[PDB]
Every structure is written in C-alpha cells, then in structure tokens.
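Notes for the one structure printed next.
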Amino acid sequence: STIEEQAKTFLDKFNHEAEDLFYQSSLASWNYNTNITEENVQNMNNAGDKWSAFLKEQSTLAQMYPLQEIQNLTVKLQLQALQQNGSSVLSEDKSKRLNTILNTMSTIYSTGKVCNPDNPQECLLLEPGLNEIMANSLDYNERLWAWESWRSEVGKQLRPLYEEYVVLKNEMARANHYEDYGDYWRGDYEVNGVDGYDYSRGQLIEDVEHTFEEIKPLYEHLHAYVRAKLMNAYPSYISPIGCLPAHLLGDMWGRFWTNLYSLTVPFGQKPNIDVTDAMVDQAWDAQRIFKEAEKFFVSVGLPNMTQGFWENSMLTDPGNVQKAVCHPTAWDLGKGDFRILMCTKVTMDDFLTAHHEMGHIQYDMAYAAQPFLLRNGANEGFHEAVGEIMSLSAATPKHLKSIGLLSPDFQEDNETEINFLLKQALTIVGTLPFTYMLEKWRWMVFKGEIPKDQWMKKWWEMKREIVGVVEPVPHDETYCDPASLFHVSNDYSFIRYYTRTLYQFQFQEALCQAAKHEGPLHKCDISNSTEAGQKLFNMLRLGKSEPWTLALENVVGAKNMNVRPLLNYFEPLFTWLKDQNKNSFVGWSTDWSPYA
Amino acid sequence: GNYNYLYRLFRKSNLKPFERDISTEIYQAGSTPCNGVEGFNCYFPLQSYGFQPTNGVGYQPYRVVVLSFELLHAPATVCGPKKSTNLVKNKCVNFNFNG
Ligand SMILES: *[C@@H]1O[C@H](CO)[C@@H](O)[C@H](O)[C@H]1NC(C)=O
Ligand SMILES: *[C@@H]1O[C@H](CO)[C@@H](O)[C@H](O)[C@H]1NC(C)=O
Ligand SMILES: *[C@@H]1O[C@H](CO)[C@@H](O)[C@H](O)[C@H]1NC(C)=O
Ligand SMILES: *[C@@H]1O[C@H](CO)[C@@H](O)[C@H](O)[C@H]1NC(C)=O
Ligand SMILES: *[C@@H]1O[C@H](CO)[C@@H](O)[C@H](O)[C@H]1NC(C)=O
Ligand SMILES: *[C@@H]1O[C@H](CO)[C@@H](O)[C@H](O)[C@H]1NC(C)=O
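Quick mapping for you: the protein sequence lines, in order, are chains D and B. With the deposited numbering, the residue at position 7 of the first sequence is 25, and numbering never jumps. With the deposited numbering, the residue at position 57 of the second sequence is 503, and numbering never jumps.
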C-alpha cells in the first residue's frame, strides 16, 4: 500500500517486456543492412510501428503514480524517461506530419547531384562524388561551384520546409511544460534530488561559456599558424591579414581538419611515419587486425571478447550485389550478442575507426546488468568519450613498437612528435569552436527570440568574429545552409560532441595518473596497467544507475566541470607555435578586405 | 525465436521448496480484480522465453537438471556400479563377496 513498491512492480514487468521487443527490433534491423529488397522495406516498417507504439502505451500506465514520494533514486530516473508523453499532445491530423515531413527530407537529402547544369554528363551519390572533387582537386573555380552545387540546389528548397519545422518543434516545450525545446536537451545534464550535487539546467550554458575563454587563446594561435602555411597554395589570392575561407578546412562544414595535414606538412622531404607497406609485407588480413586488438584489452585487464562475436559478425563486404550501407555504428543486441558494422579496408583511418568503434561495444556490456531503461551511459558525452580514450593510447609510438608494427629502432625526436601532436590538434582543437558554433545558433533559434529577417546577417557576422571565417560569396535570407548538416536536419543533439573532447581529456589524465605513468601526457600509455583497468571498469559498469555528476568525482574528484586539465596536453604544441608566430599577425578584427 | 518455454513471472507468495504449481490464477497488483479479460491491472504472469541462434553464449538456454539424495525410512537404496574383480584360485587371498 505504498507508491515505492507499486513503481517497482511496474518497472520489473516492463524490463522483461521491453527487452523482448527490443531484441526482435534489433535483430530485424540487421537484415535490412545486409540485403535490401522491395519486400524488406515493408517488413521493417511493420515491426517498427508496433515497437514505436509499445512505449506509448507504457507511458500512460505510469502517469497516475505520483513522483513526489518515491525516495528510491533508481526508479526516479527510469520513470522520468518512460513518462515522456512526446507527440501524444499532437492531434491525429498534426501527428501525421512528423513522419511524412521527415521521410521526404531523408530521401531528398539522400539525392546526391553534382551534374553541371546545361551539361548533364553524369553524377553519382554524395560519397563517390562530393568527397573526391574536394579532397584531391586544387582548383578554386570548380570548388566554388561545388560549394553552390549543394547550398543552392538542395538547401534552396528547404527554406519553406525548415521554416515550418522549427516553429512547431518549439511549441513542444509548452506541451511538455518546459521553457524551450533547447532546454529539453539540457535535461540529461540536469541533476536533482541530491543536496549539494544538484546541477541547474541553465548552468550548462554558463559552464560552456565559462570554459570557452581558455579555448580562444589556443585557437587564436592555431588560426594564425594555419593561415601562414595555407597562404603558400594561393600566394597572391588571399592577403595574410584577414581570416580564412570556409572551404579550405578539411570538410565542407569544417568539422574535421584531417585533410590539411598534407597541405601544411612542416618538412616533407623525409618520409612520413607510414606502416601501410609493412602490413602487406607480412600479409595482414581481416582476422589478424582484429585479433591484435583483442590481446590489447586483455593486457590492460579487461575480459576478452565472447565467442559469439567472431563467428557471428561480418568483417569484409560480402558478395558484389549487396550494396547495403555499412556506416560505422555500434550494435548492442543484448543477451551477449554484439556485432560490428563497417566495410573493412587497409587504411590508417579504417584501422583507427575499427579501434574507435569497438570501444563503444565494450562500454555497452559494462552496464548490461542494469535494467533496459538504465542500460546506457551516464550521459550522451560519456559514450563517445569512453570509446576514444583507448584510441589515443593505440596511436602512441610506444604502443606501436610494443606490438611490432613499427621498427624496433625508431627515434622519437621533436619533429617526430610535433607532426603527431599537430594531427590530433587538427581533429580536436580545430573542431572545438565549430561544435560550439552550431549549438549556440540552435539554442537561440529554438528559444524563439530571433526575428526571421536577422537569421543570415547575424549568422555570418558572428562567424567572422568568433570563428573567424570570411564568406566566399554573399548569401541572402532564403539560403538555409546551416540546416543542411546531418545532425541538425535529423534532430540530433550535436552538443554531445562538445563534451566529448572535454570528457576525453578529463579521463585521460585520470587514467594516466591511475596507470602510474612517468612522463609527458602525449607519451602516456594505458596498456600493461591493471590499476587503470579496474578504475575504468568501476565507472563504466555504473551506467545510468548513478548520477553523472558523481561519476566525475570517481575519476578526478571534482564535482564541477573542470577546465584546467585540457590545455596541459597541448602545452608542448603551444610552445613551439608561440615563437614561430612572433611576427605573424595573431588576433583578427572585423575584416571586409577579401570581399569588400 | 523458440517461444515454446514459459515461466511463472509473478506469484502472490513464495513457492514452497520442491513444489510444482500449475494454476491459471493471475497476479493481483492492487485491489481491483480481473474477470479473465486482460486490462491495465490483470498482469497475466505467464510469458514465453525467446531463444535464437544469435543469442550470446552466456545467455543460451542451458539444459540443466537436478538430482536429489535424501534418506527416508525406506531401506535398501540403490547405489552406483559396484566394482568387481577377477577371481583367483589356489592362493591365500582375501575375498570380499556380496556382504
Ligand atoms: C535478407 O537476409 C536475411 C538474412 O539472411 C534473410 O533472413 C531474409 O530473408 C533476406 N530477405 C530477402 C528479401 O532476401
Ligand atoms: C532502490 O531499490 C533497489 C531495489 O533492490 C535497491 O537495490 C536500492 O538500494 C534502492 N535505493 C535507494 C536509494 O533506496
Ligand atoms: C502529455 O500529453 C498528454 C496528452 O495531451 C497530457 O494529458 C499530459 O498532461 C502531458 N504531460 C506532460 C508532462 O506534458
Ligand atoms: C578468453 O579468456 C579466457 C580466460 O583466460 C580463456 O579461457 C579463453 O581461451 C580466452 N579466449 C580465447 C579465444 O582464447
Ligand atoms: C606490455 O607487456 C607485454 C608483455 O609481453 C610486452 O610484450 C609489451 O611490449 C608491453 N608493452 C608496453 C607498452 O609496456
Ligand atoms: C628538437 O628538435 C629539433 C628538430 O630540428 C632540433 O633542431 C632541436 O635541437 C631539438 N631540441 C632538443 C632540445 O633536442
């Protein structure tokens, strides 16, 4: 005759029912990723609808139980997520627009078109067409057209469609008794019910800003250094007094700066650190690349992979007619079933991608014993950060020599380390402003305190101030290029990546100190250290059962979002950049010269 | 999925050790009863396990059996295979016959 027991009586039945339906949905989705046919699409829709409707009925059955007298913290988190009414407020007519509008957006977004107007020679999808025309060509005239080939042929028609999407989604906050739709994404980091450990929803914005004033000085020198070297390819086209173009930072959106390593090599006369020719010499295969990864984890102390994975998963592309997408994704089917989806290839990124992706699977099984609702990480950022810490150690020269891929006698000189450090900075430091760049715009537009006419003028102006990018060509209001990004178009919280970098460095120092490493952080290693293994496994197994704030105290002991232990990693790279930028113009103001 | 094995998910009282319960009674959460029609409180305890070849080794259905050994007033139990040897003759030899 108490509410505490009633909640438990409801969760236990849901846990058994939820996993049964989830397992059927999970296994079914695998077939669609192996052989796609006209009869396969309808089959998956039949299973998806019932699975989607299953949670709707369960949420209603938990509404009448009040949440103001359940002292047990374990069920409070589960009940809060399961009680999300969501789209139930929308009427039947209004409910049908969500599926129709999202579906047509996906197929429209999936149509890759690079065919030259008035010249239809041929044009393939995004991956074979867009990636090659920019990662290999060095022509400005065609690159500018490629910029307009996607922002003027695909995003032009999204202006009226994107308009209706934002205005209704913002209304969901009122239906859920929330402030704004942007505040909904902040509920993951919200902590309540604990005296002194509570985290306010609005504290996330201030904390992110409070951690940004230290990032800017590092970015100021990085922007100054990169522009000096980028000037070589275009001697008389860009003045070294302003900012840099948007279409020369690796990707079209500038998310990854990996491709800029070759263009800005410090001293390319000597051969780079490449072991691709070494692998073929020893005849490396699919089974050997993954087996070496397994023995890396056992050395740390973690248990080895189960036998239901090697003989149950796929490694290479099967057949020739099977064109199913093999995007890198982490699969946790449960009941000891774990699979890896990707197209294996003999390349540096793919080898790192396999190591990066398999880390997510290991974290999934850490909290397996927890119920289905709590079977997840502490927050959105923990899952991605956990799977990247081991990547840093795997790329260290010491670890490479340990296995034997690298030569036994390989000196570790200052040049041999700056290039490696620069590579990490490009894909870590370079993307940090961009991750906060996109979220800030999304947070304010979802709030609704932005008139229609100021969208484009404000987006470009503050980009030139903080990010420091000059517009290749003026764009008017009807252009909707920021919405073309994958996460924003499909309603995915992109803030999780912002905490990934901060979380990765916070744990990197925590794991390194637990490993009793004696040396610089960049040379730190985690293998052959059971002390680090047990410390990591202690927090991974927690999952969502415990507040995420307490998880931080278990590794660094700080309840707040620490910001100091992230620049120490880049302190070496910062030192050699400071003296190299003695005469370079560091610090850019408003600049109209490139396109006055 | 091998949906041929079921189990009793819920029971009002803990089962007496070494008891098989075969009943159709449904679990009672609150005070409102159910007249055989499934509702929001009937909570039909019976559920069917789902076993597939893709299940993990640690979660496969293990074929487990239990053997009990207790002494009651009934004497002359039955034991395992008594081991017999080869007889010998014309030698002073200890013999251990049946009793
Ligand atoms: C797709 O492949 C799965 C797995 O082999 C199979 O069960 C299914 O019948 C296939 N579907 C079609 C349409 O071939
Ligand atoms: C909540 O109930 C579970 C049920 O076993 C128990 O393990 C846990 O310690 C309880 N927690 C609190 C805070 O009461
Ligand atoms: C969720 O939506 C339903 C349907 O209108 C409504 O009855 C309920 O009060 C809503 N709950 C919240 C928390 O918004
Ligand atoms: C995994 O580790 C266990 C425990 O040491 C061992 O018995 C087993 O053989 C290992 N797996 C493989 C494939 O060797
Ligand atoms: C870890 O220990 C193994 C033990 O055989 C050794 O081969 C390997 O070189 C060691 N690696 C490091 C980085 O200490
Ligand atoms: C660091 O490496 C550079 C590479 O040319 C070299 O000139 C310099 O002397 C090195 N400094 C030290 C302290 O080894």
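By construction, the Cβ of each residue, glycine as well, lies at the ideal position given by its N, Cα and C atoms.
Less than 7 Å between the C-beta atoms of residue i and residue j, yes or no?
i: D:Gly-352; j: D:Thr-324; result: no
i: D:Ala-532; j: D:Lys-553; result: yes
i: D:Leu-423; j: D:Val-293; result: yes
i: D:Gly-448; j: D:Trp-606; result: no
i: D:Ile-54; j: D:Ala-342; result: yes
i: D:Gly-399; j: D:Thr-517; result: yes
i: D:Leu-100; j: D:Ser-70; result: no
i: D:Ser-105; j: D:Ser-113; result: yes
i: D:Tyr-183; j: D:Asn-599; result: no
i: D:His-239; j: D:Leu-539; result: no
i: D:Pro-451; j: D:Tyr-237; result: yes
i: D:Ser-411; j: D:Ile-544; result: yes
i: D:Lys-476; j: D:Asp-198; result: no
i: D:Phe-274; j: D:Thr-445; result: yes
Considering only the alpha carbon of each residue, which of the options lies closest to residue i?
i: D:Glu-489; options: D:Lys-112, D:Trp-328, D:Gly-220, D:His-265; result: D:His-265
i: D:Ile-407; options: D:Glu-182, D:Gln-526, D:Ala-80, D:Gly-220; result: D:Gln-526
i: D:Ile-291; options: D:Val-132, D:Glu-430, D:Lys-458; result: D:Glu-430
i: D:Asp-295; options: D:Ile-259, D:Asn-330, D:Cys-261, D:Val-364; result: D:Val-364
i: D:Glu-232; options: D:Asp-597, D:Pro-583, D:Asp-198, D:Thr-276; result: D:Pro-583
i: D:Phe-32; options: B:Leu-455, B:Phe-464, B:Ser-459; result: B:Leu-455
i: D:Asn-188; options: D:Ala-614, D:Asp-509, D:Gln-340; result: D:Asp-509
i: D:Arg-169; options: D:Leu-148, D:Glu-182, D:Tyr-158, D:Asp-157; result: D:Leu-148
i: D:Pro-336; options: D:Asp-157, D:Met-360, D:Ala-550; result: D:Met-360
i: D:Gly-326; options: B:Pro-499, B:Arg-509, B:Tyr-451; result: B:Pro-499
i: B:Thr-478; options: B:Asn-487, B:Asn-542, B:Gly-447; result: B:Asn-487
i: D:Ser-611; options: D:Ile-151, D:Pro-263, D:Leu-29; result: D:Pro-263
i: D:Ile-379; options: D:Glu-433, D:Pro-321, D:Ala-25, D:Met-297; result: D:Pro-321
i: B:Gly-447; options: B:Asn-460, B:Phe-497, B:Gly-545; result: B:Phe-497
i: D:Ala-164; options: D:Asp-269, D:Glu-57, D:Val-506, D:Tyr-613; result: D:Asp-269
Look at the alpha carbon of residue i and the alpha carbon of residue j, and state the distance between them as a whole number of angstroms.
i: D:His-373; j: D:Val-404; result: 12 Å
i: D:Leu-529; j: D:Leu-591; result: 22 Å
i: D:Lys-481; j: D:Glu-75; result: 45 Å
i: D:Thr-20; j: D:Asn-90; result: 12 Å
i: D:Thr-347; j: D:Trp-48; result: 12 Å
i: D:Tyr-215; j: D:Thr-567; result: 7 Å
i: D:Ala-501; j: D:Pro-426; result: 50 Å
i: D:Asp-499; j: D:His-493; result: 10 Å
i: D:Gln-98; j: D:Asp-303; result: 48 Å
i: B:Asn-501; j: D:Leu-45; result: 10 Å
i: B:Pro-507; j: B:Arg-466; result: 21 Å
i: D:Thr-593; j: D:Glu-312; result: 37 Å
i: D:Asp-471; j: D:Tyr-385; result: 48 Å
i: D:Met-249; j: D:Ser-128; result: 35 Å
i: D:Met-462; j: D:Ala-191; result: 14 Å
i: D:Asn-338; j: D:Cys-344; result: 14 Å
i: D:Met-376; j: B:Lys-462; result: 46 Å
i: D:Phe-356; j: D:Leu-39; result: 17 Å
i: D:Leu-29; j: B:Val-483; result: 22 Å
i: B:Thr-531; j: B:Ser-514; result: 30 Å
i: B:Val-524; j: B:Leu-517; result: 12 Å
i: B:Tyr-453; j: D:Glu-23; result: 23 Å
i: D:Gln-300; j: D:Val-283; result: 29 Å
i: D:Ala-153; j: D:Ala-246; result: 20 Å
i: D:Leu-73; j: D:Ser-331; result: 29 Å
For ligand 7, which residues count as neighbours when the test is a C-beta closer than 7 Å to any heavy atom? Among the ligands modelled here, namely ligand 1, ligand 2, ligand 3, ligand 4, ligand 5 and ligand 6, ligand 7 does not occur.
Just to be sure I understand the criterion: a residue counts if its Cβ is closer than 5 Å to at least one heavy atom of ligand 2. Which residues meet that? Here the list is D:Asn-90, D:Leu-91, D:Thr-92.
Three or more C-beta pairs below 8 Å linking the segment 509 to 516 of chain D and the segment 278 to 289 of chain D: The segment 509 to 516 of chain D is not in contact with the segment 278 to 289 of chain D.
The segment 452 to 460 of chain D touching the segment 120 to 133 of chain D, judged by at least three CB pairs closer than 8 Å: Output reads no: the segment 120 to 133 of chain D does not touch the segment 452 to 460 of chain D.
Ligand 5: which residues have Cβ under 6 Å from any of its heavy atoms, chain order? Spelled out in chain order, the answer is D:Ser-317, D:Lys-416, D:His-417, D:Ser-420, D:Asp-543, D:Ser-545, D:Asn-546.
Measuring from each Cβ to the nearest heavy atom of ligand 1, keep the ones under 7 Å and list them in chain order. Qualifying residues come out as D:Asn-49, D:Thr-52, D:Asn-53, D:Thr-55, D:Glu-57, D:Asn-58.
Cβ pair count under 8 Å reaching 3, the segment 570 to 586 of chain D against the segment 211 to 230 of chain D: Yes, since at least three Cβ pairs between the segment 570 to 586 of chain D and the segment 211 to 230 of chain D fall closer than 8 Å, the two stretches touch.
Take every Cβ of the segment 201 to 210 of chain D, pair it with every Cβ of the segment 554 to 562 of chain D, and state whether three or more of those distances are shorter than 8 Å. Remark: fewer than three beta-carbon pairs, one from each stretch, lie closer than 8 Å, so the segment 201 to 210 of chain D and the segment 554 to 562 of chain D are not flagged as touching.
Count Cβ pairs between the segment 22 to 37 of chain D and the segment 377 to 397 of chain D that sit closer than 8 Å; are there 3 or more? Judged by Cβ distances under 8 Å, the segment 22 to 37 of chain D makes contact with the segment 377 to 397 of chain D, as three or more pairs qualify.
Okay, do the segment 594 to 614 of chain D and the segment 244 to 260 of chain D touch, 3+ Cβ pairs below 8 Å being the bar? Output reads yes: the segment 244 to 260 of chain D touches the segment 594 to 614 of chain D.
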